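Participant: Got a structure for you, questions after.
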Amino acid sequence: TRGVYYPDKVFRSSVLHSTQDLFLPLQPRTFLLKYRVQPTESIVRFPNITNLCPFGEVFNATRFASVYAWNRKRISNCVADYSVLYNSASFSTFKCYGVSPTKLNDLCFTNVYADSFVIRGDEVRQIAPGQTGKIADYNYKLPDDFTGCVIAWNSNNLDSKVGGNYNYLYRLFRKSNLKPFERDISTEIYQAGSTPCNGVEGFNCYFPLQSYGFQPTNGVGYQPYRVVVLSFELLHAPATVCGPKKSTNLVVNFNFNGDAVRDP
Amino acid sequence: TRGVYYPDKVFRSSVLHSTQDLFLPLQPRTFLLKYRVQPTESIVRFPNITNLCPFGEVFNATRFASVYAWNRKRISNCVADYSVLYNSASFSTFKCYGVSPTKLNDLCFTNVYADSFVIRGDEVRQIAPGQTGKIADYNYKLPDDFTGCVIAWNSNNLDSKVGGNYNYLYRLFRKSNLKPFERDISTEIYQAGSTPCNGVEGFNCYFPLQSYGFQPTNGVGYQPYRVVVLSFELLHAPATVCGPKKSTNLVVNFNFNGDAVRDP
Amino acid sequence: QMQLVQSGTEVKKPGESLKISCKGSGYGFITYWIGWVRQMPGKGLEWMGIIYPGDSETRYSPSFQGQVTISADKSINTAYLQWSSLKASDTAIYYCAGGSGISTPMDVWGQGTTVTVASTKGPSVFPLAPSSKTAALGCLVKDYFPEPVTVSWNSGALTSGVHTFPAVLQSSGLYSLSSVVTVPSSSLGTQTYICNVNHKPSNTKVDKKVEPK
Amino acid sequence: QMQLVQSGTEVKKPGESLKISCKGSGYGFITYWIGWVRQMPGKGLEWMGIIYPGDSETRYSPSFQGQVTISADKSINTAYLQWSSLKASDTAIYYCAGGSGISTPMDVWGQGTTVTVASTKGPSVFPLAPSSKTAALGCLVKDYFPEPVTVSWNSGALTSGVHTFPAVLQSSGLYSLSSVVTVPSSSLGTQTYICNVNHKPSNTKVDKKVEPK
Amino acid sequence: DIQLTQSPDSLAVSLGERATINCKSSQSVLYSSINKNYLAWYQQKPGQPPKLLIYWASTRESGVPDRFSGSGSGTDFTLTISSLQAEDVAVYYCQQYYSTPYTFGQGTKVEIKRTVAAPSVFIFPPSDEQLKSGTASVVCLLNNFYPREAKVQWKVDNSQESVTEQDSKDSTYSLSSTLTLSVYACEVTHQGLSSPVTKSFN
Amino acid sequence: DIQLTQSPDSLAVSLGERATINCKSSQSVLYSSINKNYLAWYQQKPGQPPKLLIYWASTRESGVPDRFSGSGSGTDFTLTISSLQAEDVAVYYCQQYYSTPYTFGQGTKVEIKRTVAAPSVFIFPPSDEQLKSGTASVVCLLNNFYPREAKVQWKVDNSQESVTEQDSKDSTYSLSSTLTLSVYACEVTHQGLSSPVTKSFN
Ligand SMILES: *[C@@H]1O[C@H](CO)[C@@H](O[C@@H]2O[C@H](CO)[C@@H](O)[C@H](O)[C@H]2NC(C)=O)[C@H](O)[C@H]1NC(C)=O
Ligand SMILES: *[C@@H]1O[C@H](CO)[C@@H](O[C@@H]2O[C@H](CO)[C@@H](O)[C@H](O)[C@H]2NC(C)=O)[C@H](O)[C@H]1NC(C)=O
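Next comes the structure, spelled out in structure tokens:
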């Protein structure tokens, strides 16, 4: 019973402190200080620093879908780096309700879904939890509790034909509001009155979809803003998305992807 | 009773119309048509087309007074032309409550007073009938019914010393509000509490006047706007201000400056 | 005197957002208080609002307070009247008129822009026969929504005695309209009658002969 | 991590208009929701409002709703807190703190700017005599408004055993303050005592000797 | 906040006769400083924007012919056309511009007057096409009748009425009465016509 | 809308002892989606802006030493300092950041503790200058006394009390009691001192 030194420097008094340090039975072992096989090594293994998430195939794409039928994508088994937040390109907005993007890197998440669509300039606000408008009633509805990140930017040059890009449409007339994240892609004839018109688009029967008028010589308010909505969820098996962290060798204390586990 | 022709062309029927034309008793005379010396000439005399109002000595001056003691001037016996409305120089505002400046020229007015002062950028709005603020409570108060013209422009270059033009002051603490167009220039010590401090500017006794901070490297809101308020009144003897109109010779029908009258 | 030019005619479905521009051109435009006025079909004018270009002080009417938004852009000398979600009762003609000051009568009036909010239904044209025993003949447009329908007789060749009657809305909503010409019984045999009904919203141009039965 | 630098200290008379700036410097400033917090003297913090630079969505607190106005300027990355007419109860220290998102703890805090609203009254300094029979001596500042008064002993030469007591406001409003030093009865005869009272708002710098009676 | 009233609504006078229109205000609109009544008179022609006619209720705008005169005081104001002509048929509005909001008048329609005329009646039955759809429609046509004091009664062993505006060249109307239904006769009563007329088709 | 509560207000512990601070919320602040408690702990030192200490009520910000730990669930949360040191004397605030507005905690002041001390009393009468103005002021000075459980009574044949903050080098206070009035004695009662002391000046 010789050689018990002072592990730390924090002044303690009359508090029994269990400590895991190197002592003489030098070897690692745990001691109780008065004022069973011990893990001989600690190893950590995170996914290799390659194989990044296809943020390009979501942000830099040829065509985004219309808002009535948005495009949903699931990215997983990648080391996501969140360098998008820097305005490397034009980035009008960056909201990130519920989770801090700055400190987001250190955490390990599950299947961050990305939703992409094109909307008009005024209505970008309506993509928020607790909005009431044509977009957030019949086209795309956000849950009351949201843990994601709304990204919107302007691209006048790609979406404004001098004739007019009329290929972008949205749903105007619907029977009832949309449950969170429900896509209702239909081309029925809305019965706005007691006229059984059997799909003839006559008096009191309209067509729900209606095009968007886009012109380069137009105001900022009526311009095409492309939007992408990152949605982070976490349930089980977090061995999917995991922020970049270095790893060690494999042989004990273990830390695998944040009774059987598959080494990434 | 020969030679009664058709004076006009307006088709009339069964309406006796008294007319002043040339008929054979050709001579001027008045007739009644069925379906005493007559004025042989009509002359008009307005002030000579010279001697304009000193709009220069009000608009283009070296120094405007402070708002607590504004400068009042009375211009009369001139042919005012109202070419000021064109933004020949910078003209931020032109309100003209109660009377149209466009058609103002044709009328003959009495002693249009001009009031000149310098105020801060935000408070230009407070110069209106029915405003409630420090300017329009203790410094310059407009009557509820106003028949004038508020002119405000910006001159950052003349009123912004790099050290700071602190020679422009305004009254902050007063006992009661100001009756319309009353100038109260005093330097008493405001008794804000039950302390008889006998002009020592101590605790609970302030000084009403306080300077304005003007800097060139400052925001638009806190900038020096020069203001001039034209006030038109009309009571009697309108032989003063009269918009430019040509005149004829003197010898009858008469029109003198819009039982004894002095030819201008 | 500076003239005001209006933006133009817009037809919109219910539920949309509508922006109307009033453009002011001319010298002296430093003090013109722009105002807006709406005329419903065949009714009196009803003043809506007044805005000063620049300062942007905006005065509204109690009835319309908050229904619409009036804004002004000073750099290009324009005034904008905007609806966030126009209903089906907003079909009317709007005039922008510019006074020279507060408490001054409005003297310069813009042309004015009509607004129509509805769903197009085409016109069923049926020709009445002139009674066998001058006499009258004409074709009867029915079930056409909304107004207007242009009825031209014989490509505009015939114009004397052509009575066109304003549309009257019956229960179904779809207005009816009858146009009748009066012809002496000498030209009945030889002259042919073709009424041309144009309904532009439904893009329906029909040429229907009138036949004596 | 982008640091926030505050504008500075302002002293104002009642009835004025006051604008305070929070300046944000550093990379990554594309998502920082600026918020404002006020600390009254010797009390706990009380959150006031939060604004997103840019979009300018502004959320207030029920107590302060409409008392003050929070605005943001995006081009130069600044946030402005403005009082239209500050009262005499607004003397406090204000901190601007920037969160990284909604529902995120505030981690980067600006230095903070104090605000004082009052009329300056200078300090009457009177020196107490050390009792004739260590012993203590000091000079007693009275009737000085507002805080603070700096009491330096012998141009800062003496610093051991110098007790300075926080100002306590009595009925007149003008706070009193006593600073006392403890000296052994050996140095009483030879060492001279000069307390230096500095009241900067009243610009009163006095050097008063302490005399044994 | 100060509603106006006009009278009469529709007035018919002959060419060259006088025309008086009365506007009544809730409260006096007299500005104390300048002692000028604040009230204006506007003319509107069918299909065009209104035009200013009288401002301050006593002065005429440039180019307005002398014929148009404006008078009145207190709350009562009138517009007098000394002799009406062929160009003045229109709608006239009295507007007060004292304090916002600016109320408008109801509007007075001025039309000319002619001597009584008798209407030659017509009757059209439904065609073969109308029958197939399921809603037959018969129509009766009054033509070239002045004045509009008349009444059409249908006779069988649900109607509408379309009256046209005054014909410009000669002031005669034309009334179309139509009956929509899933011995058919039209009987017309008009003041000038001594005996109600009957048109029947077997 | 969800007020918080802290306890205890002032706690004194010795160097190297544990320190537990409790925060209680009106309603549970648990986000369903991520199952993370939304509540943070802040440290403020006298004269400086606060610093983040714990976020999510379980995780430590970078650079914070291990000594500081955060625990709790439901509505009850606690902050435990395993061993206190000479740098931790400060005020601690618990803040909930679930939904706007963000309420704050009352604030807990952590100060160290020493063994009982006895205060050497002093007494100063008013000078010649005080007399002339018209408001004499006598003062009594307790020095270097721990703890602040004491009481000064003036004796004659209207007072204020200024207590200083803890001396940093050795944790001893200093109380000044002053009497303002237009045998004068100060009598002090303190727990450590067995007999109340008396200082009188003729
Ligand atoms: C979409 O394309 C743009 C243009 O290439 C990308 O912007 C570049 O991003 C890389 C990433 O490190 C930078 O090194 C380049 O300097 C950027 N180019 C610039 C700023 O002109 C953008 O990153 C692409 N989208 C995504 C999601 O990566
Ligand atoms: C104040 O001085 C300016 C500068 O000379 C005047 O502006 C000129 O006005 C005359 C009047 O006809 C014009 O012919 C000049 O062209 C103007 N100069 C410009 C536009 O640079 C201004 O008029 C003067 N103030 C008054 C009240 O006359």
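Chains as they are written, first to last, in the working numbering: chain A, 1 to 264; chain B, 1001 to 1264; chain C, 2001 to 2213; chain D, 3001 to 3213; chain E, 4001 to 4202; chain F, 5001 to 5202. For every residue, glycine included, the Cβ atom is placed at its ideal position computed from N, Cα and C.
How many Å lie between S4082/E and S1076/B at the Cα?
Facilitator: Going by the C-alpha atoms only, they are around 41 Å apart.
Participant: When you compare the CB of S1013/B with every CB in chain E, is at least one pair closer than 8 Å?
Facilitator: Yes, its Cβ sits closer than 8 Å to a Cβ of chain E.
Participant: Could you check whether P1244/B and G1258/B sit closer than 8 Å to each other, using their CB atoms as the reference points?
Facilitator: No, the pair does not count as a contact, with Cβ atoms beyond the cut-off.
Participant: Could you round the C-beta distance between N139/A and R171/A to whole angstroms and report it? I think they count as a contact, below 8 Å.
Facilitator: Going by Cβ atoms, the distance from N139/A to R171/A rounds to 6 Å, so yes, they are a contact pair.
Participant: Nearest CA to the CA of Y5055/F: which residue from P5196/F, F5068/F and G5047/F?
Facilitator: Residue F5068/F is the option with its Cα nearest to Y5055/F.
Participant: Does chain E have any CB closer than 8 Å to the CB of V1004/B?
Facilitator: With 8 Å as the cut-off, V1004/B does not count as an interface residue toward chain E.
Participant: Check whether the Cβ of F1094/B lies closer than 7 Å to any heavy atom of ligand 2, and answer yes or no.
Facilitator: No, since every heavy atom of ligand 2 falls outside the 7 Å radius drawn around the Cβ of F1094/B.
Participant: Per the DSSP calculation, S1116/B is bridged to which residue(s)?
Facilitator: Note: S1116/B sits in a beta bridge opposite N1071/B and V1228/B.
Participant: Could you tell me which residues DSSP pairs with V44/A in its beta bridges?
Facilitator: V44/A pairs with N255/A.
Participant: Would you call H3163/D buried or exposed, if buried means 16 or more other Cβ atoms sit within 10 Å of its Cβ?
Facilitator: Burial call: buried.
Participant: For a cutoff of 8 Å on Cβ pairs, would you count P1143/B as touching chain I?
Facilitator: Although the question refers to chain I, the structure presented lacks it and instead comprises the protein chains A, B, C, D, E and F.
Participant: Out of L5175/F, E5087/F and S5028/F, which one is the CA nearest neighbour of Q5003/F?
Facilitator: If we check each option's Cα against that of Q5003/F, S5028/F comes out closest.
Participant: Taking 8 Å as the threshold, find out whether the segment 4116 to 4128 of chain E comes into contact with the segment 4187 to 4196 of chain E through three or more Cβ pairs.
Facilitator: With the cut-off at 8 Å, the segment 4116 to 4128 of chain E and the segment 4187 to 4196 of chain E touch.
Participant: So, is the C-beta of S3186/D closer than 8 Å to a C-beta in chain B?
Facilitator: It does not; no Cβ of chain B falls within 8 Å.
Participant: Where does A1136/B sit, in a helix, a strand or coil, going by DSSP?
Facilitator: Note: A1136/B maps to helix in three-state DSSP.
Participant: Should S3056/D and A3079/D be called a contact, given that it needs their Cβ atoms to be closer than 8 Å?
Facilitator: Not in contact: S3056/D and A3079/D (Cβ atoms no closer than 8 Å).
Participant: Quickly, what does DSSP pair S1018/B with across the bridge? List them, please.
Facilitator: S1018/B is bridged to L1032/B.
Participant: Quick one: is the Cβ of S88/A within less than 7 Å of any heavy atom of ligand 1?
Facilitator: Yes, Cβ of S88/A sits closer than 7 Å to a heavy atom of ligand 1.
Participant: What in chain C is Cβ-close to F1094/B, meaning under 7 Å?
Facilitator: Ordered by position in chain C, the residues that pass the 7 Å Cβ test against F1094/B are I2030 and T2031.
Participant: How should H1236/B be labelled, buried or exposed, when 16 other C-beta atoms within 10 angstroms of its C-beta is the threshold for buried?
Facilitator: It is exposed - the Cβ of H1236/B has fewer than 16 other Cβ atoms within 10 Å.
Participant: Regarding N1165/B and ligand 2, is the C-beta to nearest heavy atom distance less than 7 Å?
Facilitator: No, the Cβ of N1165/B stays beyond 7 Å of every heavy atom of ligand 2.
Participant: Count the C-beta pairs between the segment 3048 to 3062 of chain D and the segment 3082 to 3091 of chain D that are closer than 8 Å, then say yes if the count reaches three, no if not.
Facilitator: No, because fewer than three Cβ pairs between the segment 3048 to 3062 of chain D and the segment 3082 to 3091 of chain D fall closer than 8 Å, the two stretches do not touch.
Participant: In terms of alpha-carbon separation, which member of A2167/C, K2133/C, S2155/C and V2117/C lies closest to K2209/C?
Facilitator: The residue with the shortest Cα to Cα distance from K2209/C is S2155/C.
Participant: Would you say the beta carbon of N1060/B is closer than 7 Å to some non-hydrogen atom of ligand 2?
Facilitator: Yes; taking the cut-off as 7 Å, the Cβ of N1060/B has a heavy atom of ligand 2 nearer than that.
Participant: Quick check: the Cα distance between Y168/A and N111/A, rounded to an integer number of angstroms?
Facilitator: Their Cα atoms are separated by approximately 29 Å.
Participant: Looking at chain A, is there any beta carbon in it that lies within less than 8 Å of the beta carbon of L5015/F?
Facilitator: Answer yes: the Cβ-Cβ gap between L5015/F and chain A drops below 8 Å somewhere.
Participant: Beta-carbon of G2024/C versus every beta-carbon of chain B: anything under 8 Å?
Facilitator: For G2024/C, the answer is no, since every Cβ of chain B falls outside 8 Å of its Cβ.
Participant: Which term fits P5050/F, buried or exposed, when burial requires 16 or more other beta carbons within 10 angstroms of its beta carbon?
Facilitator: With 16 or more Cβ atoms within 10 Å of its Cβ, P5050/F is classed as buried.
Participant: Tell me the rounded alpha-carbon separation between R72/A and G1133/B.
Facilitator: Each residue's alpha carbon lies about 56 Å from the other.
Participant: Tell me whether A2136/C is buried or exposed, calling it buried when 16 or more other Cβ atoms sit within 10 Å of its Cβ.
Facilitator: Counting Cβ neighbours within 10 Å, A2136/C comes out buried, since at least 16 surround it.
Participant: Answer yes or no: does any C-beta atom of chain B fall closer than 8 Å to that of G2101/C?
Facilitator: It does: the Cβ of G2101/C has a partner Cβ on chain B nearer than 8 Å.
Participant: Need the endpoints of the beta strand (DSSP E) that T2116/C sits in, please.
Facilitator: Residues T2113 to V2117.
Participant: When the Cα of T4005/E is compared with those of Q4130/E, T4198/E and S4026/E, which residue comes out closest?
Facilitator: It is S4026/E whose Cα lies nearest to the Cα of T4005/E.
Participant: With a threshold of 8 Å between beta-carbons, can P1101/B be considered close to chain C, or not?
Facilitator: True, the Cβ-Cβ gap to chain C drops below 8 Å.
Participant: Using a Cβ-Cβ distance under 8 Å, would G5107/F count as near chain D?
Facilitator: Yes, because at least one Cβ of chain D sits closer than 8 Å to the Cβ of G5107/F.
Participant: To the nearest angstrom, how far is it from the Cα of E2147/C to the Cα of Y2175/C?
Facilitator: Those two C-alpha atoms are separated by around 8 Å.
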